[PDB]
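Quick notes on the structure that follows.
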Number of protein chains: 2
Amino acid sequence: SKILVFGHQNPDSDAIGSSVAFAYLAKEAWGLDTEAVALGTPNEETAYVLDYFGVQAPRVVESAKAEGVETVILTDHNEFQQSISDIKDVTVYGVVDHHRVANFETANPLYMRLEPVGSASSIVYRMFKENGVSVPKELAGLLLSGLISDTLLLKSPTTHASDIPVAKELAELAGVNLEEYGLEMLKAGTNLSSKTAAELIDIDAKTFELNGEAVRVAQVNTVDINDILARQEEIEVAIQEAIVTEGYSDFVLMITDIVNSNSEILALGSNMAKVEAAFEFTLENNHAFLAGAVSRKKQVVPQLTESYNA
Amino acid sequence: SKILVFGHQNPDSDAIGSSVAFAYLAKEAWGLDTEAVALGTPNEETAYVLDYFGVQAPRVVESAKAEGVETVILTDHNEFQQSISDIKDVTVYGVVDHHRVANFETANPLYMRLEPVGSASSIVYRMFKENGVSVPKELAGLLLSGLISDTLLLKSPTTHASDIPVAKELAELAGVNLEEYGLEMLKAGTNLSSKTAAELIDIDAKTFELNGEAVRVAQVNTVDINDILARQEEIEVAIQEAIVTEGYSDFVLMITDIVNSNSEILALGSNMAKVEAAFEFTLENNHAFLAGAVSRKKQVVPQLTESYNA
Ligand SMILES: N[C@@H](Cc1c[nH]c2ccccc12)C(=O)O
Ligand SMILES: N[C@@H](Cc1c[nH]c2ccccc12)C(=O)O
Ligand SMILES: [Mg+2]
Ligand SMILES: [Mg+2]
Ligand SMILES: [Mn+2]
Ligand SMILES: [Mn+2]
Ligand SMILES: [Mn+2]
Ligand SMILES: [Mn+2]
């Protein structure tokens, strides 16, 4: 009785790693019929991880029905609007995630395992351990990347103390130096020249349903804010097209400096006041600086989730 | 930083056991400041368990604000309408449960641990084991009861294979014979003479939000269906009062024979067709027989959840 295992739309290092990693555990521990698949082309960062360990990027799926499957397992997400296209007409078997919970419901009791930690991979790893399954080296690689990717080499305000031992142990199992491998994959994600302003606002974006509204929050990684601020024009022309065509209410863009841990916010839409409220700032020409922010999940989502209700 | 730990409204053996059991683990494993409390007077069954092991029933709480607490941990439930009165203005720290998920959302990532097993207590026990904490005898007692109560001495279609070892091991730790203690507590819950038809429809009931509707599903334990069917009149007079006063759309009552594993369904409301659909049966005089049903969570909820949508 076949089961797909996947990450969210616009899939990322953590999203792919955790998902793939686990389809393996499930088979070996409980002899389930799990096949890890994904909902998109890997990003430039994941590409590098995938090629660095010589794993093939997981095939891209359309809908469960297309695969003739009714039962799934979600990793790194749970919000129905972020999931596979036909998530309403399937059974969720199990969820392994590290996000807040919204727009998620079921008919029957499932397995869930959510912990608030720096990645969804740190959990899958910990779970490999509870069931005495040895991690192949190459999954130790993916999993690790997942954790580096998500935490920005263990310095995001999402890094939990539980992550640190997890780091040592994985790096070792992968045969890389942590400090040394970390920078060189993180670099691979800051190359934004291969991307047109259309694709750019959509390397890493998610839809949120705040209080009636569809708000779409996107993030990019860079070493220099003004590179993207020099592309402001097209970037905005692209953003507008998205809001019209998709029926978003607003769009929010985090231009994160991973070297200094800051972001610039670029936002347009009908609810600008709701945005400024969430950030105690002023959009000068559609944007503003936000000092020390790198986490969408801890420094963006909760705040919007509040000022859109208030 | 104080944290309440509790079961659902109309609290039961599993609801109290699991909740109490865990407030202990949390303290001893992670030194949290958890105090187990509950939202009602124990039922006649739990009473017997509580007195059999000499534990005091947990104080009854009004609202978190009344206790000056903002952070909670839910066991044996998750549906906001089944929880403490002010669950919207608190932070959910963690959830340990074995039900489907609905009407549940958060602002931040939490701990969840849901598994589909015969009780929420079988999970707390298993969890005591992952963290090398010895269970006091008397918590081994509560936990066990929780699992017996919920499964009807391991014969409900909710008993998982994972429950059986859990049973042996707990019974032993409690110093009771499983077969022998099981019947004598289960008996304690079938005494429905101490209850007026008002209280009767509300020993064990939960509200469900199916597709706009408020449907309220109640269950009783008996050794003889016709005892309750002989009380039909008042029982119905009481039911009506509930539907008017609360603004339910319909009421459903499972008259479960725990000796033979059957239930009689007694239902009134605006959506009778939606009910009959879910059960392939005909209400003769507001009721009908349903052969082999004992589980609200596996044989009632999913079916309504479907015919109310269909
Ligand atoms: N078959 C697995 C199911 C499971 C356990 N934990 C999970 C977490 C997520 C998804 C599925 C699971 C088991 O017996 O343990
Ligand atoms: N403080 C606990 C938190 C926790 C783990 N599992 C949980 C399940 C439910 C609620 C809380 C928890 C820990 O460090 O592990
Ligand atoms: Mg991310
Ligand atoms: Mg029950
Ligand atoms: Mn992710
Ligand atoms: Mn992640
Ligand atoms: Mn319960
Ligand atoms: Mn229960």
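If you're wondering about the labels, chains in the structure tokens are A, B, ... by order shown, residues count from 1 in each chain, ligands from 1 in order shown.
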
**OP:** Find the residues of chain A in contact range of chain B, meaning any atom within 8 Å when counting only C-alpha atoms, and list them as a PyMOL selection string.
**Re:** chain A and resi 98-116+297-298+301-302+305

**OP:** Set the cut-off to 6 Å, count only C-alpha atoms and all ligand atoms, and list whatever residues fall near ligand 5 as a ChimeraX atom specification.
**Re:** /A:12,14-15,76

Original post:
Smallest atom-to-atom distance to residue 261 in chain B: which of B:197, B:294, B:124, B:72, using only C-alpha atoms?
Top reply: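 Smallest distance to residue 261 in chain B is found for B:294.
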
Subject >> Residue among A:191, A:262, A:249, A:75 lying closest to residue 207 in chain A, counting only C-alpha atoms >> reply: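 Closest to residue 207 in chain A of all the choices is A:249.
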
Counting only C-alpha atoms and all ligand atoms, what are the residues, protein, DNA or RNA alike, that approach ligand 4 to within 12 Å? I want them as a PDB file with C-alpha atoms, in the first residue's frame.
```
ATOM      1  CA  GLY B   7      -7.565  16.627  29.386  1.00  0.00           C
ATOM      2  CA  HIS B   8     -10.687  17.583  27.479  1.00  0.00           C
ATOM      3  CA  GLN B   9     -13.921  18.882  28.930  1.00  0.00           C
ATOM      4  CA  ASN B  10     -16.063  16.105  30.414  1.00  0.00           C
ATOM      5  CA  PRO B  11     -12.777  14.578  31.547  1.00  0.00           C
ATOM      6  CA  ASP B  12     -12.354  10.755  31.599  1.00  0.00           C
ATOM      7  CA  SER B  13     -10.053   7.958  32.856  1.00  0.00           C
ATOM      8  CA  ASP B  14      -7.653   8.321  29.934  1.00  0.00           C
ATOM      9  CA  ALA B  15      -8.013  12.094  29.941  1.00  0.00           C
ATOM     10  CA  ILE B  16      -7.069  12.413  33.643  1.00  0.00           C
ATOM     11  CA  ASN B  43     -16.866  10.278  36.312  1.00  0.00           C
ATOM     12  CA  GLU B  45     -15.468   5.029  36.639  1.00  0.00           C
ATOM     13  CA  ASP B  76      -6.159  13.441  24.903  1.00  0.00           C
ATOM     14  CA  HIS B  77      -7.575  16.284  22.694  1.00  0.00           C
ATOM     15  CA  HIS B  98      -4.529  10.043  19.807  1.00  0.00           C
ATOM     16  CA  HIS B  99      -7.419  11.763  17.974  1.00  0.00           C
ATOM     17  CA  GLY B 118      -5.809   2.752  21.950  1.00  0.00           C
ATOM     18  CA  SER B 119      -5.196   5.584  24.446  1.00  0.00           C
ATOM     19  CA  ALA B 120      -3.214   8.772  24.985  1.00  0.00           C
ATOM     20  CA  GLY B 146      -6.623   5.016  30.949  1.00  0.00           C
ATOM     21  CA  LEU B 147      -5.691   2.259  28.479  1.00  0.00           C
ATOM     22  CA  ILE B 148      -8.321  -0.255  29.742  1.00  0.00           C
ATOM     23  CA  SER B 149     -11.021   2.440  29.890  1.00  0.00           C
ATOM     24  CA  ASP B 150     -10.395   3.597  26.339  1.00  0.00           C
ATOM     25  CA  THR B 151     -10.091   0.150  24.698  1.00  0.00           C
ATOM     26  CA  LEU B 152     -12.699  -1.720  26.761  1.00  0.00           C
ATOM     27  CA  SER B 156     -12.076  -1.854  20.814  1.00  0.00           C
ATOM     28  CA  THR B 158      -8.726   1.157  18.438  1.00  0.00           C
ATOM     29  CA  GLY B 189     -18.823   3.052  34.864  1.00  0.00           C
ATOM     30  CA  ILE B 203     -21.234  12.170  31.477  1.00  0.00           C
ATOM     31  CA  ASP B 204     -19.240  11.786  28.290  1.00  0.00           C
ATOM     32  CA  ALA B 205     -20.031  14.133  25.434  1.00  0.00           C
ATOM     33  CA  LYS B 206     -18.037  16.290  23.015  1.00  0.00           C
ATOM     34  CA  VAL B 217     -22.088  13.330  20.438  1.00  0.00           C
ATOM     35  CA  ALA B 218     -22.499  11.641  23.761  1.00  0.00           C
ATOM     36  CA  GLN B 219     -21.791   8.196  24.996  1.00  0.00           C
ATOM     37  CA  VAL B 220     -22.791   6.060  27.943  1.00  0.00           C
ATOM     38  CA  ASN B 221     -21.613   2.663  29.144  1.00  0.00           C
ATOM     39  CA  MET B 254     -24.322   6.075  21.639  1.00  0.00           C
ATOM     40  CA  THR B 256     -22.903   1.150  24.184  1.00  0.00           C
ATOM     41  CA  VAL B 294     -17.968   0.927  20.510  1.00  0.00           C
ATOM     42  CA  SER B 295     -15.706   3.763  19.226  1.00  0.00           C
ATOM     43  CA  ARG B 296     -16.880   7.353  18.815  1.00  0.00           C
ATOM     44  CA  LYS B 297     -13.488   8.197  17.336  1.00  0.00           C
ATOM     45  CA  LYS B 298     -13.347   5.416  14.745  1.00  0.00           C
ATOM     46  CA  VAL B 300     -18.905   7.759  14.471  1.00  0.00           C
ATOM     47  CA  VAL B 301     -16.737  10.837  13.909  1.00  0.00           C
TER      48      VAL B 301
END
```

Original post:
If we count only C-alpha atoms, what is near residue 138 in chain A at a cut-off of 12 Å, once residues fewer than 2 positions away on the same chain are taken out, given as a PyMOL selection string?
Top reply: chain A and resi 17+20-21+24+49-56+134-136+140-145+170-176

Subject >> alpha helix (DSSP H) call set, DSSP backbone run, range 5-227 of chain A, as a PyMOL selection string >> reply: chain A and resi 13-30+44-52+64-67+121-130+137-151+163-174+178-188+197-200+225-227

**OP:** Enter the distance from CA of residue 80 in chain B to CA of residue 92 in chain B, in Å, rounded to one decimal.
**Re:** 10.7 Å

Subject >> Spatial neighbours of residue 272 in chain B, max dist 12 Å, only C-alpha atoms, sep filter under 2 positions, as an MDAnalysis selection string >> reply: chainID B and resid 215 249:252 265:270 274:279 281:284 286:287 304 307:308

**OP:** Counting only C-alpha atoms and all ligand atoms, figure out which residue out of B:154, B:60, B:230, B:4 gets nearest to ligand 2.
**Re:**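 The answer is B:4, which sits nearest to ligand 2.
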
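Take the candidates B:223, B:161, B:238, B:61 and check each one against residue 183 in chain B using only C-alpha atoms; the shortest distance goes to B:223.
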
**OP:** Could you give me the residues within range 64-247 of chain A that DSSP places in strand (DSSP E or B), as a VMD selection string?
**Re:** chain A and resid 71 to 75 91 to 97 111 to 114 205 to 210 213 to 222

Written file, previous selection with N, CA and C atoms, as an mmCIF file, in the first residue's frame:
```
data_model
loop_
_atom_site.group_PDB
_atom_site.id
_atom_site.type_symbol
_atom_site.label_atom_id
_atom_site.label_comp_id
_atom_site.auth_asym_id
_atom_site.auth_seq_id
_atom_site.Cartn_x
_atom_site.Cartn_y
_atom_site.Cartn_z
ATOM 1 N N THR A 71 -2.372 7.953 0.118
ATOM 2 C CA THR A 71 -1.834 8.100 1.459
ATOM 3 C C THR A 71 -0.443 8.734 1.411
ATOM 4 N N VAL A 72 -0.236 9.792 2.200
ATOM 5 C CA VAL A 72 1.007 10.556 2.146
ATOM 6 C C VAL A 72 1.655 10.783 3.514
ATOM 7 N N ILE A 73 2.907 11.227 3.490
ATOM 8 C CA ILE A 73 3.566 11.696 4.693
ATOM 9 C C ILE A 73 4.283 13.018 4.433
ATOM 10 N N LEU A 74 3.888 14.051 5.167
ATOM 11 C CA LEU A 74 4.445 15.396 5.008
ATOM 12 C C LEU A 74 5.629 15.613 5.934
ATOM 13 N N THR A 75 6.709 16.177 5.394
ATOM 14 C CA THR A 75 7.816 16.676 6.225
ATOM 15 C C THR A 75 8.081 18.173 5.967
ATOM 16 N N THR A 91 -5.303 10.755 2.476
ATOM 17 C CA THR A 91 -5.129 10.576 3.903
ATOM 18 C C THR A 91 -3.716 10.974 4.264
ATOM 19 N N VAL A 92 -3.583 11.837 5.273
ATOM 20 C CA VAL A 92 -2.277 12.154 5.849
ATOM 21 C C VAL A 92 -1.918 10.988 6.785
ATOM 22 N N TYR A 93 -0.869 10.243 6.484
ATOM 23 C CA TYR A 93 -0.501 9.167 7.390
ATOM 24 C C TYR A 93 0.219 9.735 8.620
ATOM 25 N N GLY A 94 1.212 10.572 8.371
ATOM 26 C CA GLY A 94 2.063 11.056 9.426
ATOM 27 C C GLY A 94 2.654 12.374 9.019
ATOM 28 N N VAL A 95 3.028 13.178 10.019
ATOM 29 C CA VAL A 95 3.699 14.464 9.797
ATOM 30 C C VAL A 95 4.937 14.586 10.686
ATOM 31 N N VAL A 96 6.053 14.949 10.067
ATOM 32 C CA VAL A 96 7.253 15.344 10.802
ATOM 33 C C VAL A 96 7.605 16.776 10.377
ATOM 34 N N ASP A 97 7.511 17.725 11.316
ATOM 35 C CA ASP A 97 7.653 19.156 11.018
ATOM 36 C C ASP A 97 8.185 19.974 12.234
ATOM 37 N N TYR A 111 -0.093 9.957 12.941
ATOM 38 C CA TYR A 111 1.160 10.106 13.646
ATOM 39 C C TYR A 111 1.594 11.521 13.375
ATOM 40 N N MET A 112 1.980 12.231 14.424
ATOM 41 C CA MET A 112 2.629 13.516 14.257
ATOM 42 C C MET A 112 3.822 13.511 15.177
ATOM 43 N N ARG A 113 4.833 14.281 14.815
ATOM 44 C CA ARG A 113 6.030 14.422 15.611
ATOM 45 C C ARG A 113 6.557 15.793 15.263
ATOM 46 N N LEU A 114 6.068 16.801 15.963
ATOM 47 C CA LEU A 114 6.549 18.155 15.770
ATOM 48 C C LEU A 114 7.371 18.564 16.986
ATOM 49 N N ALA A 205 9.356 30.917 -1.471
ATOM 50 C CA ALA A 205 8.196 31.677 -1.074
ATOM 51 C C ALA A 205 7.137 30.698 -0.589
ATOM 52 N N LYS A 206 6.231 31.197 0.252
ATOM 53 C CA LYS A 206 5.135 30.405 0.793
ATOM 54 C C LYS A 206 3.941 31.304 0.886
ATOM 55 N N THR A 207 2.759 30.718 0.706
ATOM 56 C CA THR A 207 1.500 31.450 0.894
ATOM 57 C C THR A 207 0.950 31.320 2.322
ATOM 58 N N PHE A 208 0.501 32.431 2.886
ATOM 59 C CA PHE A 208 -0.142 32.393 4.207
ATOM 60 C C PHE A 208 -1.544 32.963 4.109
ATOM 61 N N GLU A 209 -2.484 32.316 4.802
ATOM 62 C CA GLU A 209 -3.872 32.799 4.880
ATOM 63 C C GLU A 209 -4.043 33.522 6.212
ATOM 64 N N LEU A 210 -3.777 34.817 6.218
ATOM 65 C CA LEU A 210 -3.957 35.585 7.423
ATOM 66 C C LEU A 210 -5.305 36.263 7.320
ATOM 67 N N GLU A 213 -7.092 37.143 4.225
ATOM 68 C CA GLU A 213 -6.122 37.551 3.212
ATOM 69 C C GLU A 213 -5.208 36.388 2.778
ATOM 70 N N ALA A 214 -4.775 36.431 1.514
ATOM 71 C CA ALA A 214 -3.646 35.628 1.042
ATOM 72 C C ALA A 214 -2.441 36.545 1.053
ATOM 73 N N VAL A 215 -1.515 36.315 1.979
ATOM 74 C CA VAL A 215 -0.227 37.009 1.976
ATOM 75 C C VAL A 215 0.896 36.035 1.607
ATOM 76 N N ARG A 216 1.732 36.457 0.655
ATOM 77 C CA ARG A 216 2.789 35.613 0.110
ATOM 78 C C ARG A 216 4.177 36.186 0.450
ATOM 79 N N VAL A 217 4.929 35.400 1.228
ATOM 80 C CA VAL A 217 6.192 35.849 1.826
ATOM 81 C C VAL A 217 7.363 35.080 1.259
ATOM 82 N N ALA A 218 8.301 35.822 0.698
ATOM 83 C CA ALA A 218 9.370 35.242 -0.068
ATOM 84 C C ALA A 218 10.670 35.653 0.543
ATOM 85 N N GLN A 219 11.676 34.822 0.357
ATOM 86 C CA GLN A 219 12.964 35.119 0.916
ATOM 87 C C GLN A 219 14.036 34.783 -0.093
ATOM 88 N N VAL A 220 15.118 35.559 -0.043
ATOM 89 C CA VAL A 220 16.310 35.309 -0.822
ATOM 90 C C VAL A 220 17.507 35.402 0.081
ATOM 91 N N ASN A 221 18.570 34.679 -0.287
ATOM 92 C CA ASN A 221 19.855 34.788 0.414
ATOM 93 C C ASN A 221 20.881 35.595 -0.380
ATOM 94 N N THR A 222 21.531 36.546 0.280
ATOM 95 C CA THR A 222 22.533 37.361 -0.402
ATOM 96 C C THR A 222 23.677 37.714 0.516
#
```

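CA of residue 67 in chain B sits 12.0 Å away from CA of residue 90 in chain B.
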
Subject >> Nearest residue to ligand 1 from the set A:160, A:59, A:126, A:65 (distances using only C-alpha atoms and all ligand atoms) >> reply: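 Once distances to ligand 1 are computed over only C-alpha atoms and all ligand atoms, the minimum belongs to A:126.
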
**OP:** Could you tell me how far CA of residue 131 in chain A lies from CA of residue 132 in chain B, in Å and to one decimal?
**Re:** 15.7 Å
